[PDB]
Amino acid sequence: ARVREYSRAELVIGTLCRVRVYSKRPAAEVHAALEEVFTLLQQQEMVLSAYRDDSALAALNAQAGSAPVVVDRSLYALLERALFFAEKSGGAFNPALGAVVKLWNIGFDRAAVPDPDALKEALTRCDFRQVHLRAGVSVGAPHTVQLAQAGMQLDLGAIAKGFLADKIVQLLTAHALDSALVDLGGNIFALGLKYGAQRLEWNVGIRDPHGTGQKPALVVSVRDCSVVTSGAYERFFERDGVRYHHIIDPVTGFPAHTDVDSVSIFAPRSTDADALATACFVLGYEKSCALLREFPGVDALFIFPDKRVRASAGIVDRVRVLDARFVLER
């Protein structure tokens, strides 16, 4: 039995999603797994999407201030994990920020900053503690979500790609695959080891925060690990000489003013890496290090505006700088 390498990529969930697999299984089995990966992404776009009228999440948001809504176990679990990171991060990551994000989402389209009072009003409808998750303990009991605060809106943009990368890994493993690189718009999961007959760690690239995005500035060698990056120049618009990026500080209702250009989180679960990358970007370097002490199983890599790079002890020896303008502090 020979090793073969496969990849497939499609535009779905608003970005380019690519999965690369090495396998000795019959090619038909790999093709079937990849078919299911991309069917899953299509289906989940219709569950999780914040910017569509026909998604399950949009239906949930339409019931804010009303009765609990039945959701499937998967969406319930994702919301539970999102609220966990909201609590642990002091709301730096906030999955109920839709009232504010939606104003900024039209801002992007219109290239215009939201009004002050409108923005001040939106911040009053973002209390994630008023998302009530309930699930009965008896056999087959439904899972429900209630948005108790009038006009509050869920937006899972900062955790959905991580969730989907984890769901894809679970699917690949269900198909008896153990070597893959999952890349959902840059949200990476490195499953197992790649092939060279030699088995090698995956060399995951981290971009220059200001890069055209072509070349990575650094690579990190990893196995069975998600690598998720949140950064200041990945999505933004400009107006009158000021840049407004897409990661909001919930305290100000404005794009976060932070001391790092990007934060990359390395974790066994991409859900966790995605939520933490957002929280850490909002919190800034020192407070991020404090938060991360609560998660011993994760590592982090910070790129500063002066091109210094700091990486935690669990990954620093695995980092290689490719763009010599950057310096890895040791």
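Start at 1 and count along the sequence shown; that's the residue number.
According to the entry, the deposited sequence places 4 to 9 unmodelled residues between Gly196 and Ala197. Look at the mean CA B-factor for 280 to 288 and for 45 to 53 in the entry; the higher one is 45 to 53.
Comparing the deposited coordinates for 151 to 159 and 215 to 223, the stretch with the larger average C-alpha B-factor is 215 to 223.
Note on the listed residues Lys167, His175, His245, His210: the highest Cα temperature factor in the record is that of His210. In the PDB entry, the Cα temperature factor peaks, among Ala256, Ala111, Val260, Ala180, at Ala111. When the modelled residues of the chain are ordered by their C-alpha B factor, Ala86 lands in the middle third. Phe237 sits in the highest third of its chain by CA B factor, as recorded in the PDB entry. Annotation for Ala275: CA B-factor lies in the lowest third of the chain's modelled residues. Annotation for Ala1: C-alpha temperature factor in the highest third relative to the rest of the modelled chain, per the entry. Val298 sits in the middle third of its chain by CA B factor, as recorded in the PDB entry.
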